Each structure stands twice: as C-alpha cells, then as structure tokens.
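What follows is a single structure, written as structure tokens, with notes after it.
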Amino acid sequence: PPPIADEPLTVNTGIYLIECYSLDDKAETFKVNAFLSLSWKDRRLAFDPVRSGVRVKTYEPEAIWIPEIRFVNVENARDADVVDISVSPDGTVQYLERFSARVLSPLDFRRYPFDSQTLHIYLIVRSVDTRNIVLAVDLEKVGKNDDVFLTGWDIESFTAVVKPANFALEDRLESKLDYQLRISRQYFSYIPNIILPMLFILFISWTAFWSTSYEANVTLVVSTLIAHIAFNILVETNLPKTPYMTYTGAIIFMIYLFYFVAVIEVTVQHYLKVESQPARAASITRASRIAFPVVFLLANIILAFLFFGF
Amino acid sequence: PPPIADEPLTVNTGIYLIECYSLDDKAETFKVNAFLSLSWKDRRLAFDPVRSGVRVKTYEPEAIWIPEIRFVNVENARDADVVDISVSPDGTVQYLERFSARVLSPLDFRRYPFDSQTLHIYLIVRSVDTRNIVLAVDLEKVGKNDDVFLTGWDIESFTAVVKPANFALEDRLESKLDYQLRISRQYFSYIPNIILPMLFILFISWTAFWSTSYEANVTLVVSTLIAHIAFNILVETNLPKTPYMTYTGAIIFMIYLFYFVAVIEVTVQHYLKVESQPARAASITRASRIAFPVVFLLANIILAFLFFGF
Amino acid sequence: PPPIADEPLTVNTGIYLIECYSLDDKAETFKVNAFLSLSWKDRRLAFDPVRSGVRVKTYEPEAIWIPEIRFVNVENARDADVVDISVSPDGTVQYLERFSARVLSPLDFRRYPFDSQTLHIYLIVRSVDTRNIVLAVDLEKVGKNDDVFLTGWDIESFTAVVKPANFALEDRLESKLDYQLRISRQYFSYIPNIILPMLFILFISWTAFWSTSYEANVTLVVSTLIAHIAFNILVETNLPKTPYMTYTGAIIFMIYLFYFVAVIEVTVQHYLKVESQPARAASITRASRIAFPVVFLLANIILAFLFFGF
Amino acid sequence: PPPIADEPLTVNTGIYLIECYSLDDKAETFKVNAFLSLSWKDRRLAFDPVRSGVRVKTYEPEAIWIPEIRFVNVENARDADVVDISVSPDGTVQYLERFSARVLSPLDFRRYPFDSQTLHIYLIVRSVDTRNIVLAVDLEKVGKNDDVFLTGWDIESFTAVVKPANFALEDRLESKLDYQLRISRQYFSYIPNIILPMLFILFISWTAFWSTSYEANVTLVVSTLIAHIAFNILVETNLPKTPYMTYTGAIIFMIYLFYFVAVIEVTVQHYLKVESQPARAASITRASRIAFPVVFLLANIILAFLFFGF
Amino acid sequence: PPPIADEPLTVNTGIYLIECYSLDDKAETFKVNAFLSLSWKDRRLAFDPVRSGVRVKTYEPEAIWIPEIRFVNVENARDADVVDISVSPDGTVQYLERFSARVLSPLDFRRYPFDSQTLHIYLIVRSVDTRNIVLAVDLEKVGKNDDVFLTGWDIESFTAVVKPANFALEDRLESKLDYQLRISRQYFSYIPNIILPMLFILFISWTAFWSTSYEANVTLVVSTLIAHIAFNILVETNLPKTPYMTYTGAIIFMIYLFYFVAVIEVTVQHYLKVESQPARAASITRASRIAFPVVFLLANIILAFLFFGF
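Protein chains in written order, with the UniProt record's numbering: chain A, 50 to 359; chain B, 50 to 359; chain C, 50 to 359; chain D, 50 to 359; chain E, 50 to 359.
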C-alpha cells in the first residue's frame, strides 16, 4: 500500500558500520555488519499530537508501508533485524534495521603489497506508481564505530556519493546510491616474511661469483632457485588470477631471470675453463659480481617507478 | 488454484544477471544473483479499469495463482525474494523476483589454460490440469549488468535458446528453457606464474649437456626434476580429475619425458666415459644439445596443433 | 490423523535423481538432488467423480494425512519442497516432493585408483496404530536423468532392492528400503599425474647402478626418495585413514623398500670399494641392475594379483 | 503450564544414536544424529479409556506441557524434529524427537596414534515450581545402530551413568545425566604412512657411519633431517596444541636428537681426520654404528614403557 | 509496550559461560555458549500474592515487555533460546536465556608464543521514551563452569566492569557493559615442535665452521636455510598479518641473518683460501665459532628483554 503523493518520494538513507571483517583477497569480498537508517514522509499517517497518545507512535513493520531497499552487490540477500520504527506527527517515518551482508567489491592488486582500496556498498530501490529516489543524510552515515577492525588494513574513511544513479531497468525506474569504504593495506608483515627473505636467498644465490666449483656452484644456484619457487607459490596463493600484472608479480618474475642468467654464467664460466682459456672465465666471473647487483638495483627502480612513480 | 483456459498456458521468462561470482573450477559450479521475470495471462483477474482503482493492481503472492519455476541444475533450492507483482486489466500478470543460486554446469578443460566455456541455467515448470510451456522474452533477458565480474574470466554473452524442451516426466509434461552464459578464460597470469617458469627450469635442466661432472650433472638434472613436480602438483590441484587429457596435462607430462631421457643420456655419457671410449660420450652429448631443444619445440607444435589446430 | 484400515498400509516409493555431485572421498559423503514419489490408498477421501469437481483434486499438504518418510543415512534432515499432491477418486494419493540431501555412504578403497562403489540412500517410515510398509514402484524409480554428473566417476545404474527391511525399533515397527547407486571410478588422470611420475622417479633413482660416485649416488638416490614423499603425501591426502591396506597404499610402500635397499647397495658398493676389493663391489652393482627391475616387476604382479586377481 | 504434583517430577531419558560422524581431532568435536526418548507422568491428562477415543491419544507439542531438555556441551542449540507424542490413560507421556547436534568433548592425545577415547553427551533440565530430576531407561538407550560409522575409530559401547548430577545453578536446581560413547582409535594407516617411513629415513640417515666423505655424509644426514621435518609438520598438523606431551610427540622429538648427534659425530669424525689422527676418527665411527641403533631401540622402550606401561 | 516509570530503568545483567571453544587466532574470534540473566522492575505487573495464583507467575515472552539486549561485537545476531521468565509480586521480572554467539575480540600477538589475552563480550541496550541503563549483578555473573575448555589456553577469570558506558548514538542514548575473559596461552607444544627444532637446525647450520669443503659447507648451510623457511611458513600461517612485530617474528628473522653471514663467511673463507693466504681463512673461521654462538645468545637476550623485560 504505497504513499499517495504528488511527486518522487524521497527516502533518506544512512549506514553505520558497527563491525567489518573477513576481507577475502582471493574471493574479492568482505563482511559488514551495520545500522541502516531510512526516512520518508507518508502524510497518510500524520497524527493529531494532542487528540491521542504521545509524541511519536511505534509501529510493527506489518502495519505501515515500507520501501524495499535491496543491496546491489551482495551474494545472497542481506540479513536484517529491525530495531525501531518511529512515526512523527507530520507523517514522517524513521526506520532503523541492523543488517549483516557479505559484499562483493573488486580490488586493484596492481601494487599488491602496497595497494589501496575502495570498497562499495550499493543500495537500489525499485519504483511503482510513484517514483522513488534515494539520498544520503550525513548524521546517520557518520557510520563507522571507533572500533572497526578489518585485520590487515587501515581504514581511511566511510562515505557516500550524495547524487544517486537513476537507471530505468525493466519498464520501471530505479535509484542507486554509492557508499565508499576507503582502505589501504598494512604492508609490513610482508617484509620480514616475504620481501627480505626473497632477497636474502637471491644474494646467497649469486655468492657463486666468488666460487669456482661448478658442483658447489650448481648446488648453490639451484638450491636457491627452489627456495624461491617456495616463495612464488606462497604468494601466488593468497591472490586471485588477475589479468593484469601485480607489482610483487613482476619483481618475483624479474628475479626468475636473475637466476636464469646466473645459471647461464656459472655454466659458461666452465665450458670456458675446461676449454683451456680461463683468461676469459675468471674475466666474466669478475664482471658478474658487478653487473648483477647493479642491473638488479637498477631494474628495480625502473619497475618500482613504472608502477608507483607513474 | 490454476488459470482455467482453452489451451497451453504460456509463461514468458527472462533473466537479468546482476552479480556473477565464485566460479569453482574444482567443484564445477558458479554463483549467480539475478532478476527473474515471469509473465502470463490469467483472465480470471481482468479488472474494469474505470469502475475502480487505477491503471494496475499490486498483489501479495498469497493472493494470486503463480507458476512454480524451479531451476534444474542447482544444489539446494534457489534463494528468492519477490520484487513486484503487477496485474494488468486484460488479466495479464507481471512477476519479478530477485534470486541467488549456485548453479552446477560442467566445464571442458581440454584446452585448460586457454579454454572457453558455456554455462547453463535451466528452468523447468511442471504442468497440472492445463499444460504449461515456458518461453524467452528478450527485453527482460538482456540480463547482464555492465558490471558483471567473474574474476579470471571474460564474459562474452548471456542469452537463451528460444525453443523450449518439452519432456514428459512422471505422468506429467514439463517444459525446460536454456539460458547460456558464454565465457572464455583469462589466461595470462598463467604465463609469468606457471608456463614460463616451467620452461626456464627445463632449459636449465639440460644445461648439463655442456657439462662433464656426473655429480654436477645429477645435482643439475635431478634438482630441476623436483622443481617440476612442484609445478605439476600446483596445477593438478586447482583442477578436477578429468577422464580426458588436458592441454597443460600433456605438455606437463611430455616434459616429464624430457627429464627421463635427459637423465638417461647423462648416465650413458658416463658408463661410456669410464668405459675407455669418450670418442662416443662427447659425441652423444653433442647431439643431445640439438635433438633435445628441437624434438621439444617440434612435439610442442604436434601437441599444440593436435588440441587447438584440430 | 492416520488412514483407518484393516491391514498394513503400503506406501509406494520412487526416487528420480536429477543432480548428483560433491562425492567427498575424505568425508565419505555425496550430495543428491532428486524427486521423491509416494503413493498410498486413503479411502477416507474417495470422491464421487460426477457429483462435484473434476477428475482429480489437488490438496495443500496441511489438509491430508501424509506419511513421514525420513532418510536414514543423512547428516541433517533432508531439504524438501513439495511439487504436487493429487488425490484420485478411489481414495488414492499421489505425492511428489523434490529434495536435496547430503548422504553418508561408506566406500571401499581397497583398489583405490581402480575401485568401484555402491552408494546407498535408505528411507525408513515409522508406524503408529496401523503398520506401515514401504515398497518400490519402478516407473517412478527409473530415477536418473541422462545428465547426471558426479565428476570423476562413471555412473553405472540407480536401482532399489524391492523387499524392504522390517525391524522393530523402540516399541514400534519400522520399514526400510534400499536405493543403490552403482559407480566405478574414472582412473586415468591418476596415470599421467601420479602413477607414471611415481615410476619415472623410481627408475632414475636406480640409474645409480651404472655410477660409481657415492656423492652423485647419494645425491641421486636421496633426491628421488624425497620426490616420492612428495607423492606419498599428495595421495595420502585425498584419502581417509582406512584400517585396511589400499592398493596404491601397498605399491607406494613397496616402493619405499626399493629405495631402502637401493641406498643399502650404494653404501655397500663403497665400504667394499674402499676396502681394497672392488672385485666384489662392481660385482654386486652388476646384479642390482637386474635383481631390482625384476623383483619389482615381479612383486607388482604378486601385489596386483593379490588385490584384483583375488 | 507445568504438572502439579506432590514431589520431584522424574523424566525418563534415552538416546539412540542413528548416525555418528565428523570427529574433528583438531576441533575436539563430533557430530551425532540420534533419537531422544522422554517420558513422565502428568496425571492432569489421564483419560477414561472407555468413555471416548481409543488406547492412546496423539498430541501436537503445542497442546501439552513438555520439559525442556537442553544439551550441555553443544556449540549452537541442538537441531530437533519431533517424531511422536503418545499419552497413556494413567497420564503418562511418551515423547520422541530426532535430533542432530555437534557435541564438544575433550580428547586425551597422550597416546596419540594408540589412544582410546570416551565422548560425552550431557543433557540438563531446569526446574521451576516443582523440581525436575532426569534418569536413564535402558531399553530406550540401547541407542546405537549396528551401522554406526565414525571413520577412523572403533566404537566400543554407548551407555549412560544412571545417577544424575544435581547442582543448584542460579537460584534454581538443575539435573544432569552422563551419556558415554567409548571409542578407541584405528591406528594402522598410521604405520605404512607415518611410523615406518619415519624410521626408514632415520636408518638411511645414519648409513653415514659406513662412509667417509663429509660431502656425501652431510648430503646424507641433512637431506633426511629435512624429510623428517616434512613428517613432523604433517603430524603436528592434524593435532591440537596440547599442554602435555604426545607419545608420537616424544618419539618424534627423540628422533630430532638422533639427528643432532649424528651430525655431531660426522663433523667430529672430520676435525679429527684432518687432524692427523684417524686412529680416533674411524674409532668413533665404529662405535656410532652400535651405540646409535642401541640407544634408540633402548630409549624407545623407556619411552614406550613410560607412556603405556605406566 | 515499555514500563512507565519516573526515571532510568535499570536492567541487571549477568553472564554464565557454559561452553568456550574455537578461538581462531587467524580470524580473531571465539565461540561462546552461556546463560544470560536479565532483571528489571515493571510495577505494571505487580500481583496481589493472596488474591490469586501462587508465589510467582511464569510468562511466555510474547506477553510481557522485555528489553532488547544485543551484543556489540558479534558476527551475525546472537543465537538464543529462552529458559524461564519469572515475575515476582512487587513487579520484578527474572529473565533467563541461553545463547551461543561467535564473538569478535582482537588479540595482542606481541609476545606470540608467550602471550596473554583479554577477550570482550559487550552488550548494549537502546532506549526509547524511558532511558535504559544496564548493570552487573555478580551472583549471576560468576559465569564460568568448572569445565570451561578452550583448547590451547588457560582461563584465568571471567568478570565484568561494573560501570557501564553511556553514549548517545543516533538521537537516542545507549548503555554498554564490559564482560572480560582473561586468558594466557599454553605455550609448550611450541617448544618440542617449533622452538627447539628451529635452534637445532641453526646449530647444525654452523657446524660448517669446523669444515673446509665449500661443497659440504654450502650443502650444509643452504639445506638448513631451507628447513628454516619450512618453519617460517609453518608459523606465519597460524597467525594474522599484524602491523606490529611478533616476538617469534623477530627471533625468526634474526635467525635469517645468522644464515646470511654464515653463508658470507663460508664464501669468504674461500676467496681467501684460493687466494694463496689461508693464514687468514682459517683465522676467520676460528672467530666465527665464537662470535656466532655469542652474538646470538647475546642478541636473544637483547630481544627477549626488549619484549618481555620492557
């Protein structure tokens, strides 16, 4: 039984995150638990403050007409429990539920360990005989407890784009709002646990430039090549199959090359030292010790700049 | 209370994907969240436009007769929430729910990293005293937001096969529709992460054709053989037990052979160099360096052609 | 309100699988989604075909007495949605639900990669003042779509044991039916992915019978011993802790022995070649090259026969 | 509306396991699915056998007063479906539900691979104006189908401790019953898969007592030390963080010592053989070959006895 | 229908844990199952003890006004079942539910294997026309069975902060209570399983200070470096991505350095022993054997003190 009116019924929205959690990098989802604030005028139930009852009248949801606000990007329907409906004399309604959804918002892994993200909760509403348009009220959208968790991320700001998006979808017009949760990753645990060890074993790897024993040089270079696949797989595991190239994706693949030519060199510093001309072998081996740790530190700047600097 | 009529009641369908996600290669499933559009004529509730009310009349689902449309290939029942029922004067109904199912459609891993797929949502409807036949209406089936995700895949087109399939199943006739979602995989992340490294360690492996030390030649060939099991298992892990042979399945097994004979050669370039006739050893070792990287590049064409070229 | 009668009320059953899936080897379960067909005579609602209505009368489940059929081997209760109840004039009821359960049926991993299985869905019904006995009607039990999936298995035949099992259980008699789903595994992907590689690395392993360098002989035999634990664990992982011995369980343990004595030999072809009598060392080493690949191929027949041949 | 009476209302209980499953070692839980039998006298509904109806009268649960029996050790509430309520003339009620809970009972991993366990389902009932006391009736508690699964365990006996435990808890008295499920583990698959291989690689490890090449002696002893961490982690993984010491916990740590001194010896059988006095080196190396496999077999008895023998 | 009164309605709370379990370190959650005790005065239902009925009157929840107590830090809504409502003559209510939630409380991994924690359950209540304030009653909050499990932790004490926290949140005042569960970890299983083995392989690692063979010195130092990544990953796995530095996080990274310079030394005790001046090589090698095991034991004190001592 919708509210008879002369024009577009405006419904004022507002979210208040109470709990964030389980941001699943692989899945590209996260779980929220917040307040939802709705508010419209339905003069059909204005009420003679003096003639009866008191200041405001409480209603069971079954009694009044209430606008269906569905979330757009959600897995299964949202999971809500109604907190208070309060009707004011002029015919103004004050709705308040407490929901918990798992929301589906893409991420940009282009700077993976150093990335920043911007999550979206959507909210549309479908119209009938009267057009409905949503809109943000900011005192009910300061939504964010001073206790919002989200392990592994720093939460920067929850806000909404005031102007809504009004498609026509299936011979009826809908109205959509944008709620943005801005977060940056907490990279750090990434250093002592992935970054440094990935370098350490790369340095060791090419300690075999101050060595002459092919045996201890393949035992050296190959054993590290393995420990680095150990890392490649570890990282390529808590990460989805992007169709672009990650930052940690490149410097992990670049490092596959500094193993290939490393193994080239040690193999050539050999079919050149069995060939009776070590004049050259321990001439190449000498350059390696310099061209390697430079071309690395040099390409890492090229790569680093390519991603963040640009 | 079904709609008394002279013939087969036709119910016009239409899906509109709003959200795709969680295509589980192992499981052979995916999760959809879309609009469902139904529409039939039930003259039993034609309504005297002028004598009362307005243009259309809204009903609660409890009030009218509504056709049960069940999905065929789904795990547990579909998970729906009703959006609007609108009855037009002639006795025409306009149904619209918003469901979320996890659908079960097979995939063809024959070209695994370079495969294309075609997912199915099915929709049957069981008849009673009057036969029901379904059918697609295409303005309600343009179903696909310009935001449909599906990580790891490019979505090519959502459509339906207009003619339905009319079995008789259990002393009553049913009618089935085919909705097709065409996708191709985003192979790429497969290259820097699986393909190239699988080659790199294969090349290194047979660097021991320019080497004479059995010790550094088994330390060479065997350590790579291991790093390749590391890859075999990684890949054979995000993939179900097909009864056919994958593409990546072959070139991963072919590569097991280029390790076996590699280890054969180095073992024969030895019980032939301890046997006082290295005339032959460093005669075989010489061919290897050519027959190997050719027979590979050559069989890879044979294999590649066998799968895609045919 | 049960159906007053002179004798055992017979209820005719029939299952029709629509979807099979998620056979969990570890868990020993699988998920089905089928039709359930019930049918009994309840003369209490015979109906004067001519005096009113039509051929058959449809009822809401709340209206009639319906027999509770529970599944015996299920995790939580079954998950059903009712499709049509049709009462015929003589007082005959025609029930039809569509359920989805996850069923719990043991498997026999005695021939693991080459096993055949026989799954069970059970169905009992508890009696009250009148005894209930179930029984199979085969036109409603041809249950199996021509599209039944079950990744990794070939489905051989769905059927039911016509005679039911009538216990007395808790001062009331119950009646149980046996529905059998016969499947054999699709072994294959097991070959290029587990079987062959397990052999390959075993052959390589004992390439060190044509080698004299303890160092390259321990680097040889030990590195493969490792790659085989890689396989042992991979396999012992998608498999439950049977109290019997798997086929792949034996030939994976037998192969642990052909590594132990391999390492024995190479260690004895040494404290016998440092002991100034290689007359014997390269006398033992010679036999190895024959006794090994024979005792293997020979025990594999003994083992293979022991399991399948018997 | 409780049953007015002169004294403690006695409610006769009885469980009948129908399905056991998913005993989660890590979690310390298991999932049951059984019958629950309640039975009390509520004279308030004695009923004149002759004056009306028949032998017994069936009731919907809404109609009579029924005692709330809650399980004590359960995760979320139990999950029940009511099977039959039967009231006898004297005013005796016969309740029967079929529930499925996941129960939380500790285990004793002190003999891990050879342990025996004793699971508990608890059952309390809270009193009001009349005291309630529970108690076991054994014909309704022979609860255990001849088909109870529980993969990996042998089920020894389901029983109940007849005397209940009557606390006063929160200004009201409660009554608690003990149902005991006695199981012992099926150790076996533990042998071919963990125990033997853990020994095999330990023997190999100290094959380097009949060897002189430090290189092949560190390649020998260290490569096995690794394969044993492979096992340590595998086992320490399907097991919770006990604050006591497991059996398999000790003999897995003892074995870490027979690697440490192994590596000590081979390192001392070297800074004593480069030290121009091998008189001693191949004097120590000789003892090792005996003190090792004895001190092992000897401590294993000490340890084995310490755990089981005591 | 709230209780008309002159002032802030006080509602007396009290929790009684019955079951603790599934403290998920990674997730930062735990699962509780306890009693909830509420109690307020609602004179509106005072009752003439003598004129009718008895001492106290039992009510169904539908009948009286009951205050909604929601938990603040919970995933989805709490999961409750009502145990008894008892109204006393003065108009005093006695509520008692039994709930099960999974609670979300942060942890402090700063001393990881030796940490102590303090979990929180929160409880707010929203006011309407009359202000509500909560408060703890301690005879109903002795909440903790003498059987509370929580595998892996010692439970120290369950208590509540008597003074509540009274925000104004969304044009209405709320009142919040603090329930604290104090636990310390059971570190131990951490020693035989992680700590000791991490040291053992570190000692072995630098056994190559009494060795001269680069080959057996890289085979020595590198093979252990690997076994330590085995441990790094094992530990970094049952632990969330803290933005601070764990204790076990440091001494696991410090140990990465005692591998780096270890590998430095052995590589320099070589390009100094091939350069014809071993005067220095076996001069450095000599210091190593002392500076290493001292700088370790020394920094471990610095680190240990830094974390616990401060």
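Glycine included, C-beta positions come from ideal geometry on N, C-alpha and C.
Considering only residues of the region 152-236 of chain A, which uninterrupted beta strand (DSSP E) runs meet the minimum length of 3 residues and lie entirely inside it, listed in chain order?
-> If we require 3 residues or more, the beta strand (DSSP E) runs fully inside the region 152-236 of chain A come out as 165-170, 173-175, 181-185, 202-214, 223-234.
Would you call the region 85-99 of chain B and the region 116-126 of chain B in contact, with 3 or more CB pairs under 8 angstroms?
-> With the cut-off at 8 angstroms, the region 85-99 of chain B and the region 116-126 of chain B touch.
Can you give me the start and stop residues for the alpha helix (DSSP H) that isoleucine 275 of chain C sits inside?
-> In the DSSP assignment, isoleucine 275 of chain C falls within the alpha helix (DSSP H) that extends over 263-284.
Can you give me the start and stop residues for the beta strand (DSSP E) that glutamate 68 of chain C sits inside?
-> Secondary structure note for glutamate 68 of chain C: its beta strand (DSSP E) is the uninterrupted segment 64-73.
Cβ of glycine 201 of chain D within 8 angstroms of any chain C Cβ | Judged by the 8 angstroms Cβ criterion, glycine 201 of chain D is in contact with chain C.
Under 9 angstroms (Cβ pairs) to chain A, residues found in the region 107-131 of chain E | Cβ contacts with chain A come from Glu117, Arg119, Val121, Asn122, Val123, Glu124, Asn125, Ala126.
Using the rule of at least 16 other Cβ atoms within 10 Å of the residue's Cβ for burial, across every protein chain shown, is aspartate 196 of chain B buried or exposed?
-> Burial call: exposed.
Beta-ladder partner(s) of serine 101 of chain C, from DSSP | Per the DSSP secondary-structure output, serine 101 of chain C pairs with nothing in a beta bridge.
Indicate whether the contact test is met: 3 or more Cβ pairs, each with one atom in the region 105-113 of chain A and one in the region 149-164 of chain A, closer than 8 angstroms.
-> In short, these stretches do not touch, since the Cβ pair count stays below three.
Would the beta-carbon of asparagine 349 of chain A fall within 8 angstroms of that of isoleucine 300 of chain A?
-> Cβ distance < 8 angstroms, so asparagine 349 of chain A and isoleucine 300 of chain A count as in contact.
What does DSSP give as the partner residues of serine 260 of chain B in its beta bridges?
-> For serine 260 of chain B, which the question treats as bridged, DSSP gives no partner whatsoever.
Whole-number beta carbon distance between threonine 62 of chain D and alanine 150 of chain D, since they are thought to touch under 8 angstroms | Contact between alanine 150 of chain D and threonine 62 of chain D does not hold, since the beta-carbon distance rounds to 15 angstroms and is not under 8 angstroms.
How about the region 303-317 of chain D and the region 340-354 of chain D: do they share at least three Cβ pairs that are nearer than 8 angstroms?
-> Flag = yes, the region 303-317 of chain D and the region 340-354 of chain D touch.
Where does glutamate 146 of chain B sit, in a helix, a strand or coil, going by DSSP?
-> The answer is strand: DSSP assigns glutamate 146 of chain B an E or B state.
DSSP three-state assignment for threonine 291 of chain A, whether helix, strand or coil | Under the three-state reduction of DSSP, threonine 291 of chain A is assigned to coil, being neither helix nor strand.
Three-state class that DSSP yields for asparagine 125 of chain A in the structure shown | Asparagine 125 of chain A carries a coil assignment under DSSP once its states are collapsed to helix, strand and coil.
Give a yes or no on whether the minimum CB-CB distance between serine 337 of chain A and chain E is below 8 angstroms.
-> No, no contact with chain E.
Using a Cβ-Cβ cut-off of less than 8 angstroms, list which residues of the region 234-268 of chain D approach chain C; keep chain order.
-> Sequence-ordered contacts of the region 234-268 of chain D with chain C read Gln235, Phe237, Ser238, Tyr239, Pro241, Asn242, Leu245, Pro246, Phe249, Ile250, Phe252, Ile253, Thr256, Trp259, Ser260, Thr261, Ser262, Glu264, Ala265, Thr268 [C-beta pairs closer than 8 angstroms].
Taking a cut of 8 angstroms between CB atoms, which residues from the region 75-92 of chain B lie near chain A?
-> Along the region 75-92 of chain B, going in chain order, the ones with a CB nearer than 8 angstroms to a CB of chain A are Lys80, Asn82, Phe84, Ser86.
Is the distance from the Cβ of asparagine 82 of chain B to the Cβ of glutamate 124 of chain A below 8 angstroms?
-> Closer than 8 angstroms, so yes.
List the residues of chain B whose Cβ lies closer than 9 angstroms to the Cβ of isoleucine 67 of chain C, in chain order.
-> Result: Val121, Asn122.
Interface residues of the region 131-163 of chain E facing chain A [CB-CB below 7 angstroms] = Within the region 131-163 of chain E, the residues whose Cβ lies closer than 7 angstroms to some Cβ of chain A are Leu153, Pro155, listed in chain order.
My guess is that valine 267 of chain A and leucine 269 of chain B are in contact by the Cβ rule of under 8 angstroms, so how many angstroms apart are they, rounded?
-> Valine 267 of chain A to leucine 269 of chain B, Cβ: 5 angstroms. Contact.
In three-state DSSP terms, what is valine 81 of chain C?
-> In the displayed model, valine 81 of chain C falls within a strand according to three-state DSSP.
Can you give me the start and stop residues for the alpha helix (DSSP H) that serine 332 of chain B sits inside?
-> Per DSSP, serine 332 of chain B belongs to the alpha helix (DSSP H) from 327-353.
Does the beta carbon of residue 374 of chain D sit closer than 8 angstroms to a beta carbon anywhere in chain E?
-> What is shown of chain D runs 50 to 359, which leaves residue 374 of chain D out entirely.
Would you report the Cα separation of residue 360 of chain E and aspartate 157 of chain E, rounded to the nearest angstrom?
-> Within the shown structure, residues of chain E are numbered from 50 to 359, placing residue 360 of chain E beyond reach of any answer.
CB contact check: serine 272 of chain C to chain B, cutoff 8 angstroms | Yes, because at least one Cβ of chain B sits closer than 8 angstroms to the Cβ of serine 272 of chain C.
Secondary structure of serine 254 of chain A, DSSP reduced to three states | Under the three-state reduction of DSSP, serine 254 of chain A is assigned to helix.
How long is the line joining the alpha carbons of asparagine 122 of chain D and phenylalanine 198 of chain E, rounded to whole angstroms?
-> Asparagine 122 of chain D and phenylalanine 198 of chain E have their alpha carbons spaced roughly 10 angstroms apart.
Taking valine 317 of chain D as part of the alpha helix (DSSP H), name the residues at either end of that continuous run.
-> For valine 317 of chain D, the enclosing alpha helix (DSSP H) starts and ends at 303-317.
Output yes or no for whether 8 angstroms exceeds the beta carbon distance between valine 271 of chain D and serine 272 of chain E.
-> Cβ atoms of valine 271 of chain D and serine 272 of chain E: closer than 8 angstroms.
Does any residue of chain C bring its CB to less than 8 angstroms from the CB of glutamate 219 of chain B?
-> Interface criterion met: the Cβ of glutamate 219 of chain B is under 8 angstroms from a Cβ in chain C.
Who are the neighbours of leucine 283 of chain A on chain E, taking C-beta pairs under 8 angstroms?
-> Within chain E, the residues near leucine 283 of chain A are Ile282.
Roughly how many whole angstroms lie between the Cα atoms of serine 206 of chain E and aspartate 227 of chain E?
-> If you take the alpha carbons of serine 206 of chain E and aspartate 227 of chain E, they lie about 14 angstroms apart.
Rounded separation between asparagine 281 of chain B and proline 327 of chain E - CA only = Taking the straight line joining both Cα atoms gives about 46 angstroms.
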